[PDB]
């Protein structure tokens, strides 16, 4: 009567087409449903498949159903497609009560045409007792990790779009109220590109 989604979470690069699996072992299926869920938001309906052999399409998405499982084929994914894709089953076995899978957390990393990784020291606020450093313009292959240093806080990669210049960039923010807080060793726990710009 169970439903299983694989992988539990998936990391993809902009354009790298992949397929989300939804296996089921329930008896007498009468509907299979695919949903898209964003954090804090309600599940957004995608596709319904009433029998094996069925195939439905919605732009770069393709949902197919077979006697054993259902595939959600996501072709040339963009960072916009980053969500948790939920799968449900309605069958005689499960008294037609919808049985949802644990979802597949999708994350699509953007393509950086011209990477310029650098760590900059921002202008100290007159109100705040915090010093801020910013790791920006690095490529999507670079992974940022939390600081091991007491009272030092680092945020995860965040991509911003500047549609006026058909530009996009990744950035991590590092701050601390500690006196000995320097940018030169702020992302020490992260594997930063060997030739990252470190200004004076």
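Positions refer to the first chain, counted from 1.
> Pick between 122-130 and 101-109: the one whose mean CA B-factor in the entry is higher.
Between 122-130 and 101-109, it is 122-130.
> Mean Cα B factor from the PDB record: higher for 2-10, or higher for 189-197?
Higher mean C-alpha B-factor: 189-197.
> For the C-alpha B-factor as written in the entry, point me to the maximum among 175, 135, 167, 33.
That would be 167.
> Tell me, please, which of 162, 152, 29, 61 has the highest C-alpha B factor according to the deposited entry?
That would be 162, according to the entry.
> In terms of the CA temperature factor given in the entry, to which third of its chain does residue 90 belong: lowest, middle or highest?
Lowest third, going by the recorded CA B-factors of the chain.
> Once the chain's modelled residues are ordered by C-alpha B factor and cut into thirds, is residue 141 in the lowest, middle or highest one?
Its C-alpha B-factor, which the entry lists for residue 141, ranks in the highest third among residues of this chain.
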